[PDB]
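Notes follow the structure.
Virtual Cβ from ideal backbone geometry, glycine too; neighbours counted across all protein chains shown. Just so you know, all these numbers are worked out from the coordinates, no wet-lab data involved.
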Amino acid sequence: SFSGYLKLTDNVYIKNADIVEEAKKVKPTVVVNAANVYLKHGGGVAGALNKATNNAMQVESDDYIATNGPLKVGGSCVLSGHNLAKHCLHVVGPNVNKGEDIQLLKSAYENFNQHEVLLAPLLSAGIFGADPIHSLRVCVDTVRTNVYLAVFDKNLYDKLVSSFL
Ligand SMILES: O=C(Nc1ccccc1)Nc1cccnc1
Ligand SMILES: O=C(Nc1ccccc1)Nc1cccnc1
């Protein structure tokens, strides 16, 4: 199972790790992708997870979008986890750099409650532009299921742990 995670709350754990490497090692039931509404896995966690699946995640996502249309900001869809997980929960957090509403971050985290355990990144953090300290706060205050957060950046990980209330 998950190893070397710092316990933040009864159900939220955190580790300074590459979510791709965590997924390949653990092969969790659910890996969360930090998706956009179009499921275009270009950069950040999405580009990294997609690259780890040899683009199979993008091919599957484009078929999903052709059939269903785009996701909502704050929404999600369950697709295959390919070589990384049983499933991938593609969650759309608000992208502040593309001018989306930060209030939708709580709705985005609510999607995690439909899964008993997940390997996940901090939503709307990184290239999405939100304050990662705020994202972790919304996560622990919204998610009730077991979430194992992988924070790629060491310095960010250190800042998150040392500032967590
Ligand atoms: O690219 C990454 N790792 C990886 C990808 C494919 C295969 C093996 C390892 N990690 C990463 C995570 C978050 C943001 N950017 C990059
Ligand atoms: O500091 C960050 N975001 C942020 C914080 C405060 C205000 C606005 C944005 N993200 C970040 C990204 C990559 C590595 N470390 C940190």
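Some notes on this structure:
- Within the option set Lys7, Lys40, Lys51, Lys25, being among the basic types (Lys, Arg) and more than 16 Å from ligand 1 (Cβ to nearest atom) holds for one residue only, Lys7.
- Selection from region 109-126 of residues that are part of a loop (DSSP other than H, G, I, E, B) and either in contact with a strand residue (DSSP E or B) (Cβ under 7 Å, 6 or more places away or on another chain) or of a type in the set (A, V, I, L, M, F, W, C) (or both): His115, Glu116, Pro121, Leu122, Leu123, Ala125
- Hey, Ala120 crowded, with 19+ Cβ neighbours inside 10 Å and more than 16 Å from ligand 2 (Cβ to nearest atom) or not: yes
Residues checked against (1) surrounded by fewer than 18 Cβ atoms within 10 Å (Cβ to Cβ); (2) touching a residue at least 24 places away in the same chain (Cβ under 8 Å); (3) closer than 26 Å to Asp158 by Cα; (4) among the β-branched types (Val, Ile, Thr):
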site: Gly42; (1), (2), (3), (4): yes, no, no, no
site: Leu49; (1), (2), (3), (4): no, yes, yes, no
site: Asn55; (1), (2), (3), (4): yes, no, no, no
site: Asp63; (1), (2), (3), (4): yes, no, no, no
site: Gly81; (1), (2), (3), (4): no, yes, no, no
site: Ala85; (1), (2), (3), (4): no, yes, no, no
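This table checks each residue for (1) among the β-branched types (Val, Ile, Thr); (2) surrounded by fewer than 17 Cβ atoms within 10 Å (Cβ to Cβ); (3) under 23 Å from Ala52 (Cβ atoms).
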{"residue": "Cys88", "(1), (2), (3)": "no, no, yes"}
{"residue": "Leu104", "(1), (2), (3)": "no, no, no"}
{"residue": "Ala125", "(1), (2), (3)": "no, no, yes"}
{"residue": "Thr145", "(1), (2), (3)": "yes, yes, no"}
{"residue": "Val151", "(1), (2), (3)": "yes, no, yes"}
{"residue": "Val161", "(1), (2), (3)": "yes, yes, no"}
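- Criterion (of a type in the set (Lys, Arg) and within 16 Å of ligand 2 (Cβ to nearest atom)) met by exactly one of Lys106, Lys72, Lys86, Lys98: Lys98
- Considering region 115-149, and only residues there that are β-branched (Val, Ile, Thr) and free of Cβ contacts under 8 Å to residues at least 40 places away in the same chain, the residue that is farthest from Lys98 (Cα to Cα) turns out to be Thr142.
- Any hit, region 130-140, residues being surrounded by fewer than 24 Cβ atoms within 10 Å (Cβ to Cβ), away from ligand 2 (no atom under 16 Å from the Cβ), over 17 Å from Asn11 (Cα atoms) and of a type outside the set (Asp, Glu): no
- Residue in region 141-159 that is farthest from ligand 2 (Cβ to nearest atom), counting only those that are among the hydroxyl-bearing types (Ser, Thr, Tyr) and assigned to a helix (DSSP H, G or I): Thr142
- For region 1-25, the candidate set comprises residues that are hydrophobic (A, V, I, L, M, F, W, C) and surrounded by fewer than 17 Cβ atoms within 10 Å (Cβ to Cβ); within that set, the residue that is nearest to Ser80 (Cα to Cα) is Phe2.
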